[PDB]
Structures are given as structure tokens and as C-alpha cells.
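Chemist: The structure under discussion is supplied below as C-alpha cells; questions concerning it will follow.
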Ligand SMILES: *[C@@H]1O[C@H](CO)[C@@H](O)[C@H](O)[C@H]1NC(C)=O
Ligand SMILES: *[C@@H]1O[C@H](CO)[C@@H](O)[C@H](O)[C@H]1NC(C)=O
Ligand SMILES: *[C@@H]1O[C@H](CO)[C@@H](O)[C@H](O)[C@H]1NC(C)=O
Ligand SMILES: *[C@@H]1O[C@H](CO)[C@@H](O)[C@H](O)[C@H]1NC(C)=O
Ligand SMILES: *[C@@H]1O[C@H](CO)[C@@H](O)[C@H](O)[C@H]1NC(C)=O
Ligand SMILES: *[C@@H]1O[C@H](CO)[C@@H](O)[C@H](O)[C@H]1NC(C)=O
Ligand SMILES: *[C@@H]1O[C@H](CO)[C@@H](O)[C@H](O)[C@H]1NC(C)=O
Ligand SMILES: *[C@@H]1O[C@H](CO)[C@@H](O)[C@H](O)[C@H]1NC(C)=O
Ligand SMILES: *[C@@H]1O[C@H](CO)[C@@H](O)[C@H](O)[C@H]1NC(C)=O
Ligand SMILES: *[C@@H]1O[C@H](CO)[C@@H](O)[C@H](O)[C@H]1NC(C)=O
Ligand SMILES: *[C@@H]1O[C@H](CO)[C@@H](O)[C@H](O)[C@H]1NC(C)=O
Ligand SMILES: *[C@H]1O[C@H](CO)[C@@H](O)[C@H](O)[C@H]1NC(C)=O
Ligand SMILES: *[C@H]1O[C@H](CO)[C@@H](O)[C@H](O)[C@H]1NC(C)=O
């Protein structure tokens, strides 16, 4: 039961593979059995799904028995359990769309605390862990923070969203300041 | 008729795949693109496109009926019934030499010049429960449709209105009487599937079938219109039905291209809806020319000699 | 109708064994129109082999079918944990199709004598006007067992019922209950109640007993 | 992939009639698949009842005149469905009824021989229990004392009852026996546990009995 993590506003590719290398019938539906998009032999059929204008596969890979389901401009709500009915197989794959967005401007005085908010889907409990330009491995499940934003933290931060053996980077820029010298 | 009881499965009928492969080869020596592009991957994601450039002779591709006679050591079995699901035990089976003359018409959404349903309108489906399996409709009374390279097709608003009814009625007669039946245009996808595509005079027509599939089990659409006129368009760059890949055919030339075909059937595909209130939405479908072939071989099955 | 008589009724085997189950049809079946199924306790049967020897899609190849004269046999090589349960043969040569009586394949184990216990009716049941005497046989192998009830030394017929557990998944033993039922009236009349059990593990038939009111 | 989904358990009075249903997910059309119904009485082998093949129905000698078998193709809201009607139920109709499907598309297959066939897909089964008994919650009695102790769960209808010990905290050495049907037409079962004799005055043992059809739940302490 595969699982894929994605960043809000990014493109994710839920795979789905056929046994042999042969372009055959396949179809992408979501938990509610709503058809996302399948194929009509050599043609692509897009269904009623709200992911319509953003769903899409890879014709080229169909012959290699591969029938992905690329979702672009990924939305938190796009998070779900997309089945893939192919040759009587149901490759139900999971999709989690997280979104890390700092609050106060990237520019923040020295000492003040830095608050991070992780937008996540319901029934989802990830564990984030950013890494300061120096090394602060501070942790925060859903909402992190840097108690005292030290001037040696003013730079690129490398967070991480852990959710089922997987994780997604979220590089963020932070700027510390002064009174001045 | 043959005095025996046998199993049939048009959805897993092998003649379909034997004709399909034939119809494809009937296309590689009649309609040859100026360029044909096709995916070529090792599996390593990266996929080069294999290009092929050959002569592009303008030929007025006019389909000839095709028979299918069992050779030897082989026999064709035909099923007989006014309403055959085409997937089960047939009682009035009967061995035949060749299957009726079939005109391999490649198209989407509408099945042209096929074979009408003797009794009434029949709709087969490998599983009506599965909103992913094409529903093949079989008209018992065809609806003439005339297309022209001039840019459109005319259809009888009358006949088409009736048809949607005698189809809309056969639908609920399978998904639940106390269920509203609606018809909407393609959900999305390739031009060949979203519109009623097909080939006429070797020209790939792409007719917008919105006026044919926007029927609400309530109102009409015959205000100031006697005939339905689908705004059709001929394309040169098309997605191949024979295999994933585009193909460019040379522009039109004959002073006039014209078609007058019998809408003998459709290819619908209701949307899941996730068990929502009785409001099944059926839209045009097809694109998998085999369903076509199927709609013609649904009652056949070749078998080895005993 | 064609009769299928299946052989043996039960057999005991170990993981990795090869096992043979046989079925004799009351008439010849030229076409080999015979099928074999497995049924595990609580579940629907599953088709394993059809036409005498053909394996259905998805069935392990350690299963095979064979025929000689009017006899048809299922063979199981390299016996596996999921294989234990009950097997049936079926002819579909002539109408109507018919099944064998079935064969139970259970796990082989060393002999283990039952631990035997006897429970007098509770005071609460006696108060509600009935009396049930219960005898328990715990964790024994093989399954074959006899228990007889005696009251005031008199063999008891037709007023008892037995219940047996499925073979235990971990120690491969069985457990069995026997319940003697009688009116509060007769219970109060007689003095000694006895459960007599006979089993291969027991060098001699064991009797557990009590005197009413001890 | 074929999944056959049968209707639920029914408890029926003698003389009554019942209809059991079978939803054939994965089955295209009964024009290509035969339906065969089969039943299994408790602790018994299997017996053929009848069929629908090529839209033609029929029943075995033992059931002819008493059984109607039908099938209809459906789509969307439902898969194709077959049903079995049985009239004038008696005690010897009590059994598990299985719906069963076999493709008839390929004449050469060997699953079938002129209408007589092997059965390639099975439903879960539906229990039809034929009885005049009315629903009734059990009495629970202690079975007082390596020692053994337990609970007698007597005189209930219909099945099932469930039994745990100490709210599930005691599971090792527990044996809960299959219910037996008494002459009164009511069920009874017992549940027993073996424990070390030493803990008998130190440890508490209670059997938790649940009979949902009568909404009955009892907790019985078992004391030496
Ligand atoms: C392109 O496709 C070819 C297959 O003919 C492959 O060998 C090559 O590595 C790919 N890369 C190029 C040349 O673009
Ligand atoms: C089938 O066709 C006949 C005429 O050929 C028509 O009268 C009948 O209503 C049709 N059945 C339907 C409504 O599908
Ligand atoms: C289609 O053309 C035919 C002649 O081939 C004509 O009889 C028919 O009326 C036309 N159908 C239309 C335009 O509705
Ligand atoms: C439709 O469902 C049943 C028929 O199965 C009918 O009795 C009922 O009145 C109708 N209800 C609805 C869905 O309007
Ligand atoms: C024709 O089809 C297009 C999409 O293919 C649709 O957006 C447009 O509204 C349609 N026009 C008509 C004839 O209603
Ligand atoms: C279907 O209904 C919608 C809204 O009720 C309407 O706009 C549309 O024109 C109808 N389809 C036709 C043309 O019959
Ligand atoms: C609707 O229009 C058709 C022609 O397009 C005409 O035959 C029909 O009579 C009209 N409906 C009515 C009865 O006004
Ligand atoms: C088939 O289509 C032609 C073209 O319009 C039509 O004139 C003819 O009557 C139709 N024949 C059939 C199949 O009824
Ligand atoms: C049969 O249908 C084809 C559609 O490809 C059409 O071109 C042809 O004209 C039809 N038959 C007739 C009447 O010529
Ligand atoms: C069916 O209509 C809508 C479907 O979106 C649903 O909200 C409603 O509860 C259902 N019944 C009604 C109100 O018609
Ligand atoms: C049972 O059916 C028989 C014939 O099979 C009929 O004589 C009798 O009236 C039926 N019994 C009941 C209770 O309906
Ligand atoms: C044809 O009729 C004969 C009558 O003897 C019968 O044996 C055979 O089964 C029948 N075949 C069919 C149509 O089922
Ligand atoms: C097939 O045989 C059946 C059985 O007699 C008969 O009812 C039916 O009309 C026949 N079908 C045809 C016309 O071939």
C-alpha cells in the first residue's frame, strides 16, 4: 500500500505498474471511487474528478506497462488514497500534501522566536525537523518554533516531514538581525 | 442452430483482438502518415521519441466489409438471442462458416455503420457496477448522421432525442428505475475521445458532440432547430489509436469529402458518483477501438475442432 | 445419480509430508469430469483442481490430480500450514453433480492423555430449577475419545451432549466438553455422579466422580 | 476479480418461504457465466440445488417444485444479481446456502460438460436457520473449581454469544466450545480456563458474556 508525500504547490507522481511491459487498460480513482483519469487504449480519458485540469499520466510509459498519475499544483486536499484499477489489481497508493509556511517575515529581529506552521490533511500526524544553517535540529510535530532565534540561525533551514517511512524537504530562509553591531 | 450449451465472453473474446490487429494492418498500407512519433523508453524515465517519415499519399480510405471464416481444425460459434449480454451460457448457439459482413469503422463515441439490435436497444457492459468499464449501447434503430469536410455533421434532432430516451430508459433499467438519467459531454482527455472522432475519406474528423450528450431527464432542445449540427474539424496531427503516439497526415485536397453513416450504437461511460443519490451521469466514451470490434463480435467465438 | 465414496475419512500428517486422498466413483468417468475443493473451518470451499488433473489459476503446484479406473486421487506434496482442513471430490460427468463425504486432514502429534475435570451443577442453577453436570477433557491427542455418564451406577443414555474444539493452532491438541442434563428433581434424588473417559493416552479408563453435597 | 456477495443470515419459521440473494461483483453478464446454487447442512457434505445457465433455470430432483432460481443483469448502482427462492421451509432446510459462478464462454475449458459443471467462484454463504424459537437471552452459571474453572451459558436464541475472560486480559488456556443445540431448540455453550491451583484465592476470574440479539450483557464472577 504505497505512500507518497508532496509539497503544496508541487507536482507528485503516484505510480502504478502493470506486470508485463504492455500498454493495457488502467484507471485512476480516489477513495470515493471518483474516476480521476484512465486510458482508452492509446487515448487518455480524464474523469469527473476535481483533479481533472491537474491530473495527467505519461503516455510514453504506458508501453513499459507504466501508468502514473501526475498531479500538479498539488493541494493539501489532494491528499488521499488513490486506487489504480489495473488488470484486476487495485494498487491503492496514498498521497499526503504538507505545507510549511513560516509566519512573520523571513526578516526577524535577533532573539525573538521563529514560528513554523505545517498545513496538513486530516487524520495526518507528521513529525517535522528543521536544521539551522549551523545545526539546530529543533523538532516540532505540527508547529515548530525557535525559542531564541540566535543570529547564527539566520539562513537556510532544512526541515523534514516524516510520515510513514517517507519525508519531504521544505527549505526555508531565515534572517536574524540586531540593534546593529 | 446447434443443439448444445456453451460459454461466451465478448469481453474476453479473442476474435476481437484478431480483427483489431487486422484492422491495424489494414491501416498501415492504406493510411500512412507523413511522420509518426512513438514513445521509446528503456524504463529509465527518459523517453526518446521514435520518428518515422514516409510518403503521405492522399487516398480516399473507404472501408470494405470484412468476413471472418474459420479455416480448418476451427469452427465459429454464433449466439442467438434478442437480448444477449454476450457474457455467459448461450442456449441457442449455432456453428457458422463466416461471421456477417463487418465494416471495420474506427471511431469514438458513436459506432458507425455497425449492426443494429434486432429486438430493442441493448446495452452490454463487462460490469455495469464498475464506472470504469465502457458501456456499449446497441441501437435497434440507427440514426443517420452526415459529415462533411466543410466542417460539420447533421443529425436528426428528432431521432437523436428519441434515441437518448430509448437509451436513457434502458440505462435505469439496469441501474435502478427510481434513478434519474443524465447525459453529459466528455469529462476530459484526448481530442479523439472528447469529441466524436472518426475517419472519412481518409480525413480525421473531430466533431464536437456536446449537443448529443447534454440531455437532462427533464428538458429538451429543439427551439429553432430541426437538425442537430455538430461543429466538426479535420485534424492533420492526431493521436494514434493503433498505439500511443502522434501522427501527422497531409492536408485535405479532394474538392469534397462527405459521409453519411448509420449511428448504430454508442459507447457510454457513467461516472462513479460514489453511491450518491440516484443521479447517474453518462458521458461519451470509447477510444479503445476493440470495444467497437466487440460490439460486432459480441455474439461470436471461434473454437478448435473436436 | 453417481455416488462418490471418499477415502479415508481423516488423516493425520506433518508439515512437509506427502498426502493422498482418494475417491471411488460408482461408474466409470471417461471424460475425467472430476473436481477437488478445499474447505477451511468457517469458510467457503475453494476449487483447486478440475477435469481430474488441471490446476486452477493461483493454486500452488504442490497439488496434483490423478486417475486409475474408477478411482480419482488428490496428492499434496510438501504439506504446508494453510493446507490443513477438509477436502472434497465432485463428479460433474452426469446430472446432477455430486460430492464425496469429505476428508479431514489434521496435524500429527505425540499422544497426550486428557486432563479430566467434573463440575456439579451450581447452586444458582439449582435455584432456577435445572441441573447440568459438566465433564471437561483438556488438551488431548488424538481426538478419538469416549465419555460415559453414570449416576447411582446407572449408564446414562440420551440425556447428554458433547462439544469439541478445533485442533489448537499452537499445541495441536483438542479439548472436549460433555454435559449431562436432568431435572432438579432427579438430581436431588441420587447420590453419586461419575464421568468415565477412555482414551489411547490412558493406560486404563479414568473415572472422575462426586457425591452430591460434598 | 470476482467476489460473490450473498445476503445475510435469516431465521425462518417452518412453512415460511425465503429468498436469498447473490451480488456478482466482477461478473459481466449471466449470458457468459452460469450460476449454480449449493447447500451444506451442519457437519455435512455439499449438495447441488439448481442452476441458471444461458438464462435458463432448473432444479435437481430433490428440490424441483419447491425452488425458483432467477438472475438479472445490472450495472452502475449494482452488479448482476442472482436469487434463490425456497418455499415451505422445514428443519431439514437449515443449512448454509452458497451461490457459485463458472464462466461458460469457452466451450473447450473443461470446467463444464453440457450444463453439469465444477464451481470456480464461491460466495461466503448464507445461513438459513429454520426454527419456531423466539429470541431469548442466556442464563450464565459458574463452573467453580493446575485447576479448571468456567462458565455455562445456557438456553439462548439465536446465535451467537461471545465470551471473554477478565475483559480480555486472560486469554492463555481459555477454551470456548462451539454451541450445541438442545432438545428445547435453544442453544447452550460453555467456556473454560485452566489455571494454577495456587492463585485460586489470590486471583479474580470473571467471564464476560455478550448476547447482542437480546441486548444482554452479563459479567459473572467465578469463585471457589
Ligand atoms: C535516446 O533514446 C535512445 C534509444 O534509441 C537511447 O539509447 C538513448 O540513450 C537516449 N538518449 C538520447 C540519445 O537522447
Ligand atoms: C427498439 O426498436 C423498436 C423499433 O425498431 C422500437 O419501437 C422500440 O421502442 C425500441 N426499444 C427501445 C425503446 O429501446
Ligand atoms: C444525409 O444524407 C442523405 C443522403 O446520403 C440524405 O438522404 C439525408 O437526408 C441526410 N441526413 C440529414 C442531412 O439529416
Ligand atoms: C425506488 O426504490 C424502490 C424500488 O426498489 C421503491 O419502492 C421506492 O419507492 C423508490 N424510492 C426512491 C429512490 O425514490
Ligand atoms: C464544443 O465543444 C467544446 C469542447 O470540445 C465546448 O467547450 C463547446 O462549448 C462546444 N460548443 C457547443 C457546440 O456547444
Ligand atoms: C441540460 O440542462 C441544463 C441546465 O438545466 C441546460 O443548460 C442545458 O441546455 C440542458 N441540455 C439540453 C440542451 O437539453
Ligand atoms: C421540435 O423540433 C423538431 C424539429 O427539430 C420538430 O419535429 C418537433 O415537432 C418540435 N417539437 C414540437 C412538437 O414542437
Ligand atoms: C445506412 O446509412 C445510410 C447513410 O445515410 C442510410 O441511407 C441507409 O439507409 C442506412 N442503412 C441501414 C443500415 O439501415
Ligand atoms: C459507412 O460508414 C462510413 C463511416 O466511416 C461512411 O464513410 C460510409 O459512407 C458509410 N456507408 C455508406 C452509406 O457509404
Ligand atoms: C441528492 O442531491 C444532492 C447531491 O449533491 C445531495 O446533497 C442531496 O442530499 C440528495 N437529495 C436531495 C436533496 O435531492
Ligand atoms: C407447499 O407447497 C405445496 C406443494 O409443494 C402446497 O400443497 C402447500 O400448500 C404449500 N404449503 C404452504 C404452507 O404454503
Ligand atoms: C435440441 O433438442 C434436443 C431434443 O432431443 C435436445 O437433446 C438438445 O439438448 C437441444 N439443444 C438445445 C437447443 O439445447
Ligand atoms: C432458439 O431455440 C429456442 C428453443 O426452441 C427457440 O425458442 C428460439 O426461438 C430459437 N431462436 C432462434 C430464432 O434461432
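Residue numbers (our numbering), protein chains in the order written: chain R, 424 to 604; chain G, 621 to 926; chain A, 8 to 221; chain H, 80 to 303. A virtual CB, placed ideally from N, CA and C, is assigned to each residue, including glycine.
What residue from R:455, R:429, R:578 has the CA that sits closest to residue 533 of chain R's CA?
Modeler: R:578
Chemist: For the beta strand (DSSP E) containing residue 783 of chain G, list its first residue and its last residue.
Modeler: Per DSSP, residue 783 of chain G belongs to no beta strand (DSSP E); it is in the alpha helix (DSSP H), 777-795.
Chemist: Pick out whichever of G:760, G:792, G:769 has its Cα sitting closest to the Cα of residue 780 of chain G.
Modeler: G:760
Chemist: Could you check the C-alpha separation between residue 550 of chain R and residue 589 of chain R for me, to the nearest Å?
Modeler: Distance between residue 550 of chain R and residue 589 of chain R, taken at the CA atoms: about 11 Å.
Chemist: Measuring CB to CB, does residue 96 of chain H end up less than 9 Å from residue 166 of chain H?
Modeler: yes
Chemist: Short of 6 Å in beta carbon distance, which residues of its chain neighbour residue 194 of chain A, apart from the five on each side in sequence? Order them along the chain.
Modeler: So the list reads 138, once near-sequence residues are dropped.
Chemist: Are the CB atoms of residue 109 of chain A and residue 99 of chain A nearer to each other than 9 Å?
Modeler: no
Chemist: Got a sec? Which residues, its chain only, sit under 6 Å from residue 737 of chain G by beta carbon, not counting five neighbours each side?
Modeler: 758, 760
Chemist: Tell me, which residues are paired with residue 868 of chain G by DSSP?
Modeler: Note: residue 868 of chain G sits in a beta bridge opposite G:655, G:857.
Chemist: Among all the DSSP beta bridges, which residues are the ones paired with residue 97 of chain A?
Modeler: A:42, A:106
Chemist: Buried or exposed for residue 910 of chain G, going by 16 or more other Cβ atoms inside 10 Å?
Modeler: buried
Chemist: Name, going along the chain, the residues of the region 622-635 of chain G whose beta-carbon falls closer than 9 Å to a beta-carbon of chain H.
Modeler: 624, 625, 626, 627, 628, 629, 630, 631, 632, 633
Chemist: Taking a Cβ distance cut-off of 9 Å, strictly less, list which residues of the region 196-212 of chain H are near chain A, in chain order.
Modeler: 196, 197, 198, 199, 200, 201, 202, 203, 204
Chemist: Given a threshold of 16 other Cβ atoms within 10 Å of its Cβ, counted over all protein chains shown, does residue 570 of chain R qualify as buried or as exposed?
Modeler: exposed
Chemist: For a test of your reading of the model: does the CB of residue 610 of chain G fall under 8 Å from any non-hydrogen atom of ligand 6? Yes or no.
Modeler: Absent from the structure is residue 610 of chain G, since the part of chain G shown begins at 621 and ends at 926.
Chemist: Is it the case that the CB of residue 790 of chain G approaches a heavy atom of ligand 2 more closely than 8 Å?
Modeler: At least one heavy atom of ligand 2 is nearer than 8 Å to the Cβ of residue 790 of chain G, so yes.
Chemist: What residues match up with residue 175 of chain H in a beta bridge as DSSP calls it?
Modeler: For residue 175 of chain H, which the question treats as bridged, DSSP gives the partners H:119, H:206.
Chemist: Between residue 621 of chain G and ligand 12, is there a pair consisting of the residue's CB and a ligand heavy atom that are separated by less than 8 Å?
Modeler: yes
Chemist: Can you give the Cα-Cα distance for residue 155 of chain A and residue 165 of chain A, rounded to whole angstroms?
Modeler: So the two alpha carbons sit approximately 11 Å from each other.
Chemist: Using only CA atoms, which one of A:13, A:143, A:87 lies nearest to residue 77 of chain A?
Modeler: A:13
Chemist: Which first and last residues belong to the beta strand (DSSP E) in which residue 636 of chain G is found?
Modeler: Looking at the DSSP string, residue 636 of chain G is not in any beta strand (DSSP E); the run it does join, the alpha helix (DSSP H), is 634-645.
Chemist: With 7 Å as the C-beta to C-beta threshold (strictly closer), list the residues of the region 104-125 of chain H near chain A in chain order.
Modeler: Of all residues in the region 104-125 of chain H, 124, 125 have a Cβ within less than 7 Å of some Cβ in chain A.
Chemist: Grouping DSSP H, G and I as helix and E and B as strand, with all else coil, what is residue 194 of chain A?
Modeler: helix
Chemist: Is any non-hydrogen atom of ligand 5 found closer than 8 Å to the C-beta of residue 814 of chain G, if you look at the structure I gave you?
Modeler: yes
Chemist: Does the beta carbon of residue 290 of chain H sit closer than 9 Å to a beta carbon anywhere in chain A?
Modeler: no
Chemist: Pick out whichever of R:460, R:584, R:600 has its Cα sitting closest to the Cα of residue 479 of chain R.
Modeler: R:460
Chemist: Using the beta-carbon of each residue, find all residues closer than 7 Å to any heavy atom of ligand 7 and list them in chain order.
Modeler: Counting every residue whose Cβ lies closer than 7 Å to a heavy atom of ligand 7, we get G:777, G:778, G:842, G:845, G:846, G:847.
Chemist: Reducing DSSP to helix, strand and coil, say where residue 133 of chain A ends up.
Modeler: helix
Chemist: Is residue 825 of chain G helix, strand or coil by DSSP?
Modeler: strand
Chemist: Could you name the residues that DSSP lists as bridge partners for residue 774 of chain G?
Modeler: Looking at the DSSP assignment, residue 774 of chain G forms a beta bridge with G:766, G:849.
Chemist: For the region 503-531 of chain R, list every residue whose C-beta sits within 9 Å of some C-beta in chain G, in sequence order.
Modeler: 508
Chemist: So with Cβ pairs under 9 Å, would you call residue 709 of chain G a contact of chain H?
Modeler: yes
Chemist: Interface residues of chain A around residue 146 of chain H at Cβ under 9 Å?
Modeler: By Cβ distance, chain A contributes nothing, its closest Cβ being about 13 Å from residue 146 of chain H, past 9 Å.
Chemist: For residue 474 of chain R, which residues from the same chain have a beta carbon less than 7 Å from its beta carbon, with the 5 sequence-adjacent residues on both sides left out?
Modeler: 459, 494, 501
Chemist: On the three-state DSSP scale, how would you describe residue 598 of chain G?
Modeler: The structure shown does not extend to residue 598 of chain G, since chain G is modelled only from 621 through 926, so no value can be given for it.
Chemist: In this structure, does DSSP put residue 185 of chain H in helix, strand or coil?
Modeler: coil
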